[PDB]
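**Student:** Residue numbers (PDB author numbering), protein chains in the order written: chain F, 53 to 101, 119 to 264; chain A, 98 to 145; chain a, 4 to 376; chain c, 24 to 155; chain Z, 5 to 260; chain E, 22 to 121; chain b, 1 to 191. Beta carbons: idealized from backbone N, C-alpha and C, even for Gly.
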Amino acid sequence: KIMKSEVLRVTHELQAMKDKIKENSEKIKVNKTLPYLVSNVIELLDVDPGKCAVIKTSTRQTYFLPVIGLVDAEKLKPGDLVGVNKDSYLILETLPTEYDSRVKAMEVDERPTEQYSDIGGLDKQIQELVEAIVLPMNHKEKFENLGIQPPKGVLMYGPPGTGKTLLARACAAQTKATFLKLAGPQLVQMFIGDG
Amino acid sequence: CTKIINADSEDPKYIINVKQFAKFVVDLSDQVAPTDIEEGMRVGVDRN
Amino acid sequence: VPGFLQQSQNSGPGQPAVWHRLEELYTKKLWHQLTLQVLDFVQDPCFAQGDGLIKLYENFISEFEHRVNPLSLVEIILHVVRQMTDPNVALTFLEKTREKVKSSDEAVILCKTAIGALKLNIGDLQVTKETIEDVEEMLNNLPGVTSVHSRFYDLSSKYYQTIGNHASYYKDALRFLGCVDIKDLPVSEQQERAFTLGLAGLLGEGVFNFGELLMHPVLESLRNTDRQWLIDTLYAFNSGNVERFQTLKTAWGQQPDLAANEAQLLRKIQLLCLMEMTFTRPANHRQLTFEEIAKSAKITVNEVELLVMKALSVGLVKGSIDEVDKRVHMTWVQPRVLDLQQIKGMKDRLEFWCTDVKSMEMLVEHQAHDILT
Amino acid sequence: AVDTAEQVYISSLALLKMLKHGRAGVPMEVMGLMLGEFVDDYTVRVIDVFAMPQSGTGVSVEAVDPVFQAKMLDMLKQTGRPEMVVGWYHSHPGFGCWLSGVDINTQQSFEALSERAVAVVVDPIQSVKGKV
Amino acid sequence: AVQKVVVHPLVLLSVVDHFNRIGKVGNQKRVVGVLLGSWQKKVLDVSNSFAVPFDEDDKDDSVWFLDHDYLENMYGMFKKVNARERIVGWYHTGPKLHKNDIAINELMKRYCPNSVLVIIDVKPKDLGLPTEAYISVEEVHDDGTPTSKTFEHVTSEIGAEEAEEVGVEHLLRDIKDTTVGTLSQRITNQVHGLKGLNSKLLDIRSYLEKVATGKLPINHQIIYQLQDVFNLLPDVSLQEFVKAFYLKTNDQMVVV
Amino acid sequence: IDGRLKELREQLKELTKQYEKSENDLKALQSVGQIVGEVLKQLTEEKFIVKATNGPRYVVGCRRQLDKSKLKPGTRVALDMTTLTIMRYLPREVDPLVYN
Amino acid sequence: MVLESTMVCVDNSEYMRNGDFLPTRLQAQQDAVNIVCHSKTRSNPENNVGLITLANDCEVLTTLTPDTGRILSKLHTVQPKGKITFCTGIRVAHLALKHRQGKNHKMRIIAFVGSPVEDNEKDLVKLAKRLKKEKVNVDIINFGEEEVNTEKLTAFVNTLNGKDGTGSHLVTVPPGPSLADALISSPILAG
Ligand SMILES: Nc1ncnc2c1ncn2[C@@H]1O[C@H](COP(=O)(O)OP(=O)(O)O)[C@@H](O)[C@H]1O
């Protein structure tokens with residue numbers, strides 16, 4: 053039927069327009085490979101008489134790229150550290166933000182290797198918190214299909230030397246997920262709102 | 098000018114804080130492999 | 004199909020030759036030439052008395068060939084649909100034709116026009132207004148097809164005898180007269196059409212200019228032999244000539260659709276008898292005193308107020324209206340036919356302006372030689 | 024190795040293309056090549072010039088696409104009038120009548136290709152009212 | 005459908021040069037190409053031009069050819085180098101328009117819905133007109149008139165392109181078509197204004213004379229509708245000068 | 022019948038055409054934007070004083086479509102990046118962003 | 001190698017959508033087009049075949065190009081409702097194939113005719129004389145029902161192949177069904 057001519061136009065249009073997308077994406081991506089100005093988004097939702122952006126450049130200037138001409142305001146929220154065109158003065162692409170000096174890596178261990186077998190004594194408590202934490206990590210879909218959201222806040226209270234730290238790192242290793250350690254006693258900083 | 102580097106993506110791109118306060122990302126020069134450059138080390142940049 | 008050809012070769016003298024042509028055309032799988040042959044047979048000098056039988060034969064042929072020309076097939080079979088003459092099933096016949104050819108070509112819009120014509124002929128309340136409006140609503144992206152344009156113009160001209168459209172009815176009748184140029188129908192019936200359009204212009208209110216029908220030869224020559232008083236009255240409305248005696252003779256010459264609105268005729272002629280002064284004198288005589296108004300319109304003094312009010316409302320004269328001297332200022336913003344046989348006056352005024360402009364340019368050049376030479 | 028008081032008969036439409044292309048890409052330092060022919064050694068004449076989008080890489084020889092240039096030349100041959108490539112033009116907002124290092128390098132490549140391949144500086148921003 | 009078009013001082017000379025360079029071997033006198041530009045606010049502007057060799061025959065004006073692949077490649081390149089530029093119309097030289105224009109418009113309107121025609125007078129410089137614009141309207145000639153082609157002229161005015169002032173000043177640098185030398189320059193302004201007024205109004209008078217003679221078809225249906233008001237507009241009453249006897253005469257005497 | 026897959030091919034074409042129109046809007050803009058400043062002084066109906074947020078103030082013209090009633094003194098506006106003229110006026114906001 | 005540049009002008013007359021051939025005569029002529037273009041491509045993939053129309057218009061969008069898919073797509077849904085203009089069609093095919101092409105490329109114009117034509121014998125004879133003076137090389141193939149190889153067509157072909165010309169034949173096809181292989185057998189290697 054019309055399908056032969058239709059698909060003859062369809063494959064050509066799809067491939068040629070994806071080639072055009074590749075061309076535009078490369079011409080913008082070498083600029084995305086040379087972004088220079090920080091993105092302090094003073095977000096003004098200028099709907100066209119849809120959105121817009123005010124970018125505070127690293128060189129202390131303001132660029133009002135219209136309607137955020139390359140990226141979507143859903144993923145680009147008012148913040149910082151998102152690629153900005155050095156020549157086109159336009160929001161180029163998102164990039165990881167800055168984790169507040171100390172929290173960039175305060176004491177974050179990428180992966181603990183301590184095993185559950187080397188600790189013990191409180192095996193009932195450790196199995197309880199394993200069910201409450203590690204199971205919501207491995208079998209998270211189990212809780213999801215059950216309909217019960219697992220609790221998050223677990224408070225290990227007890228005299229020092231009872232293995233809370235080792236148990237926590239071992240649990241994180243069993244989850245095989247990210248582990249972030251907070252040094253509580255030194256969270257009391259003189260700086261206002263620092264903690 | 099020479100500025101320190103901040104960090105990078107999985108491999109190719111490098112997200113860098115630059116002494117010009119710049120949110121600087123570049124394709125590392127072809128003569129320089131990404132292995133040699135490490136986070137928090139100072140590299141000079143060709144103005145062009 | 005061979006059996007139907009054998010049966011159809013009968014029922015008419017000279018028909019079997021065309022039936023042989025039809026046999027050849029569907030043997031070689033011809034559809035457009037077959038539609039031409041069907042056109043020739045339908046427009047053959049016969050009444051097509053066996054309307055149902057020929058409908059059945061044509062539907063048979065078109066359903067087993069299923070590749071005929073749609074617009075022309077409908078243009079031809081609409082004759083049989085109308086000739087069947089039974090509105091209750093004629094609506095179903097039009098629906099059947101729409102279902103057999105539901106393409107967006109002339110076929111569907113012609114079916115709509117046939118529906119509207121049937122609703123005129125009987126049941127002038129069901130879907131008449133929606134049908135007539137939707138014809139123009141669907142003539143979109145169709146600037147110069149002109150066929151169903153002429154169709155719609157004819158339907159709305161016949162709709163003139165309905166409350167909805169009088170002046171627009173005259174306008175679309177003019178559109179029909181433009182789109183179809185040759186006579187293609189009796190001169191007496193064209194003269195009747197001209198009579199109806201003249202009565203439409205006379206009875207209407209918004210038709211002050213009502214151009215392309217006042218001195219139009221295509222409309223006047225139809226009644227050039229009968230009721231030339233109508234021609235004279237339209238010329239009066241055009242050029243502002245009053246000829247009150249001839250216009251009253253007009254009012255009671257064609258008694259239907261004119262005796263009740265002779266008063267509107269009075270008002271319109273009083274309105275349009277000033278345009279002659281208005282274009283002939285480019286503010287040369289800008290003092291439209293009461294006596295001048297009386298000469299122009301043979302009207303009383305109290306009616307001058309209403310006449311000039313309606314003139315301002317329509318757009319004839321927009322100037323100031325005094326009463327201490329009864330002076331009416333002269334601005335016109337609704338031009339009309341200026342009697343192209345009398346274009347010599349405006350040509351003379353334009354050449355007067357040319358002579359004045361060139362003479363003053365040469366005078367200032369004479370005064371300015373001391374810099375320009 | 025002969026370069027007398029050479030003169031460029033540049034065309035008004037070439038000027039208009041230059042100004043339009045610069046006004047479009049004011050901050051991109053857009054690139055292009057001056058379509059001229061050496062009718063002799065020094066009386067060089069340019070009748071036409073084209074506008075090409077600078078690639079994301081910047082001032083590079085590959086930014087002027089070879090296949091695209093060939094197709095453009097064929098189009099000019101078929102419709103219009105063919106013309107050789109012995110020059111180039113570039114809106115230069117940064118500084119004035121000289122060339123940057125990369126501009127010098129690509130002009131060296133153009134000189135290796137062509138016979139002269141004149142280096143033309145046209146500042147788009149400095150030309151404001153009277154001085155282009 | 006556009007309200008009006010505005011022509012830049014940017015494409016006229018380009019079209020003229022294209023005519024000159026492609027008329028070396030094509031002496032058909034018929035240069036046909038496309039004018040590209042932008043239409044934004046009921047104001048259409050032309051920024052680029054292109055010419056294609058084109059041969060005609062007087063037999064029904066249906067003999068021709070073009071290089072549509074090359075022209076489309078040109079348009080793609082132009083859009084790639086400048087996205088805002090789009091084909092705003094197609095242009096033909098030879099102001100004595102022939103009948104192939106309808107076929108050319110039908111073929112090229114796939115690039116532009118409101119297809120327009122542009123005529124450039126390369127050799128003619130009659131008074132000051134560089135080019136003329138044409139809009140295609142075939143939706144019934146008139147209320148009570150037969151079918152026709154009726155290509156009307158959408159109003160055109162020469163625009164003011166930016167950054168071309170420097171170039172044009174450097175190019176001319178001889179006539180100084182500015183208000184320099186105010187008194188003499190305004191004298192020249194009055195002079196050629198009177199010249200243009202006299203020439204155009206003489207042309208209108210000639211058109212009225214020829215309509216009176218009837219040798220040419222009469223388009224009265226717009227002619228009188230546009231000229232009757234012109235004639236009757238009361239710019240001849242002098243009692244407003246009576247009311248404004250000191251219209252500026254006070255300013256005249258204070259200037260004295 | 023290959024013609025019955027016309028619906029799936031239509032879905033594919035619509036899906037890719039959404040991306041194509043997105044990329045058309047992304048590349049057709051390719052804009053440099055306008056710089057942000059504040060109306061330091063209106064001066065007059067023609068020339069205005071607009072100060073960038075980071076130093077220089079300039080005597081510029083105003084956007085043709087806008088008017089002085091829309092511009093006003095001490096209101097955020099956008100100047101053209103190169104030609105340095107008013108292009109659009111924008112509303113501003115402040116945020117305490119703490120304990121909100 | 002002797003390469004061939006061929007410009008086909010295809011009859012998009014109101015009759016071509018009739019089903020004399022199995023799909024439509026229009027589709028039969030499209031099949032003739034794509035098979036001859038396939039033969040050209042097999043001879044050399046850079047042989048170029050272009051489209052010309054004569055249904056009160058001249059389609060040039062599908063230029064003299066090796067690809068056949070553009071011909072197929074653009075000739076499909078050509079809306080065969082208009083008339084036939086033979087004198088305009090072959091002449092504009094001549095102008096279109098007169099465009100920029102290699103001198104080695106042998107210029108050849110092929111025409112497909114499938115419907116009866118109402119044109120002036122005097123006008124077509126004048127066109128034939130003009131093409132004889134211009135040294136034009138056109139071969140014409142008929143399809144389906146028509147006054148096939150009428151006097152005008154025969155004289156036109158005789159003028160274009162006589163005087164020690166190429167010798168391009170015109171075939172007198174049976175109305176309705178026809179053998180495209182037998183129609184294109186002679187000119188594919190002789191004429
Ligand atoms: N069950 C256990 N098995 C092995 N080592 C343990 C265990 N419990 C505590 N430890 C030792 O105690 C230390 C951790 O002390 P800490 O985490 O401060 O205790 P708490 O968590 O009770 O404050 C580790 O170095 C570890 O060697």
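Under 8 angstroms by Cβ, that's how I've got residue 32/a and residue 20/b pegged, so tell me the actual separation to the nearest angstrom.
**Tutor:** 4 angstroms
**Student:** From residue 147/a to residue 145/Z, what distance separates their C-alpha atoms?
**Tutor:** 10 angstroms
**Student:** What separation, rounded to the nearest whole angstrom, lies between the Cα atoms of residue 181/Z and residue 172/Z?
**Tutor:** 10 angstroms
**Student:** Is the distance from the Cβ of residue 9/b to the Cβ of residue 89/b below 9 angstroms?
**Tutor:** Judged by beta-carbon spacing, residue 89/b lies within the 9 angstroms limit of residue 9/b, meaning their Cβ atoms are closer than that value.
**Student:** Give, in chain order, every unbroken run of the beta strand (DSSP E) that is at least 3 residues long and sits entirely within the stretch 22 to 76 of chain Z.
**Tutor:** 36 to 43 and 47 to 56
**Student:** In chain F, which residues lie less than 8 angstroms from residue 119/A when you measure between Cβ atoms?
**Tutor:** 88, 89, 90, 127 and 128
**Student:** Please say whether residue 125/b and residue 146/b have beta carbons closer to each other than 9 angstroms?
**Tutor:** no
**Student:** For the stretch 171 to 190 of chain Z, list every residue whose C-beta sits within 8 angstroms of some C-beta in chain c, in sequence order.
**Tutor:** Of all residues in the stretch 171 to 190 of chain Z, only 171, 173, 174 and 175 place a beta-carbon less than 8 angstroms from a beta-carbon of chain c.
**Student:** Mind listing which residues have their beta carbon within less than 6 angstroms of any non-hydrogen atom of ligand 1? Chain order is fine.
**Tutor:** Here the residues come out as 187/F, 188/F, 189/F, 190/F, 227/F, 229/F, 230/F, 231/F, 232/F, 233/F, 234/F and 235/F.
**Student:** Which residues bound the alpha helix (DSSP H) around residue 114/a?
**Tutor:** 109 to 124
**Student:** Taking just the CA atoms, how far does residue 39/b sit from residue 181/b?
**Tutor:** Between residue 181/b and residue 39/b, the C-alpha separation is close to 12 angstroms.
**Student:** Comparing alpha-carbon positions, which option in 130/a, 214/a, 264/a and 52/a lies nearest residue 338/a?
**Tutor:** 214/a
**Student:** Between which residues of its own chain and residue 109/E is the CB-CB distance below 8 angstroms, once the five residues before and five after are set aside?
**Tutor:** 55, 84, 87, 98 and 99
**Student:** Based on the DSSP output, what are the partners of residue 87/F in its beta bridges?
**Tutor:** 154/F
**Student:** Please identify, using Cβ separations under 7 angstroms, the residues of the stretch 48 to 77 of chain c that lie next to chain Z, in order along the chain.
**Tutor:** 74, 75 and 76
**Student:** When you check each C-beta in the stretch 118 to 133 of chain b against every C-beta of chain Z, which residues fall closer than 7 angstroms?
**Tutor:** Those would be none; no residue qualifies.
**Student:** Taking C-beta to C-beta, are residue 340/a and residue 296/a nearer than 9 angstroms?
**Tutor:** no
**Student:** On the DSSP bridge assignment, give the partners of residue 139/A in chain order.
**Tutor:** 101/A
**Student:** Step through the CB atoms of chain Z and report whether any lies within less than 9 angstroms of the CB of residue 61/b.
**Tutor:** yes
**Student:** Taking residue 121/c and residue 143/c to be in contact with their CB atoms under 8 angstroms, please state how far apart those CB atoms are, rounded to whole angstroms.
**Tutor:** Not a contact, Cβ separation roughly 12 angstroms.
**Student:** Return the first residue and the last residue of the alpha helix (DSSP H) that residue 151/b is part of.
**Tutor:** 151 to 161
**Student:** With respect to the alpha helix (DSSP H) encompassing residue 122/b, which residues constitute its N-terminal and C-terminal limits?
**Tutor:** 121 to 134
**Student:** Taking any Cβ of chain c, which residues in the stretch 60 to 87 of chain Z have a Cβ under 9 angstroms from it, in chain order?
**Tutor:** Listed by position, the residues of the stretch 60 to 87 of chain Z near chain c (Cβ gap below 9 angstroms) are 70, 71, 73, 74, 75, 77, 78, 81, 82, 84, 85 and 86.
**Student:** Please go through the same chain and pick out, in chain order, the residues whose beta-carbon is closer than 6 angstroms to the beta-carbon of residue 235/a, but skip the five residues on each side of it.
**Tutor:** 249
**Student:** Tell me, which residues are paired with residue 62/E by DSSP?
**Tutor:** 70/E
**Student:** As a quick exercise: from 141/Z, 9/Z and 31/Z, pick the residue whose alpha carbon is nearest that of residue 39/Z.
**Tutor:** 9/Z
**Student:** So which residues on chain E does residue 148/c lean against when the C-beta distance must stay under 8 angstroms?
**Tutor:** Here the neighbours are 103.
**Student:** Closer than 9 angstroms, Cβ to any Cβ of chain c: which residues of the stretch 146 to 169 of chain F, in chain order?
**Tutor:** 156, 157 and 158
**Student:** Measure the C-alpha to C-alpha separation of residue 142/F and residue 74/F and round it to an integer number of angstroms.
**Tutor:** 22 angstroms
**Student:** Report buried or exposed for residue 110/a, applying the criterion of at least 16 other Cβ atoms within 10 angstroms of its Cβ.
**Tutor:** By the 10 Å Cβ count, residue 110/a comes out buried.
**Student:** Just the chain c side, please: which residues come within less than 8 angstroms of residue 82/F by C-beta, in chain order?
**Tutor:** By Cβ distance, chain c contributes 78, 79, 80 and 81.
**Student:** Would you report the Cα separation of residue 28/a and residue 69/a, rounded to the nearest angstrom?
**Tutor:** 14 angstroms
**Student:** Specify the secondary structure class of residue 106/b as computed by DSSP and reduced to three states.
**Tutor:** The answer is strand: DSSP assigns residue 106/b an E or B state.
**Student:** Quick one: using the 10 Å Cβ neighbour count with 16 as the cut-off for buried, is residue 226/Z buried or exposed?
**Tutor:** exposed
**Student:** In or out: residue 118/c buried (at least 16 other Cβ within 10 Å) or exposed?
**Tutor:** exposed
**Student:** Give the straight-line distance between the Cα atoms of residue 359/a and residue 244/Z, rounded to the nearest whole angstrom.
**Tutor:** 21 angstroms
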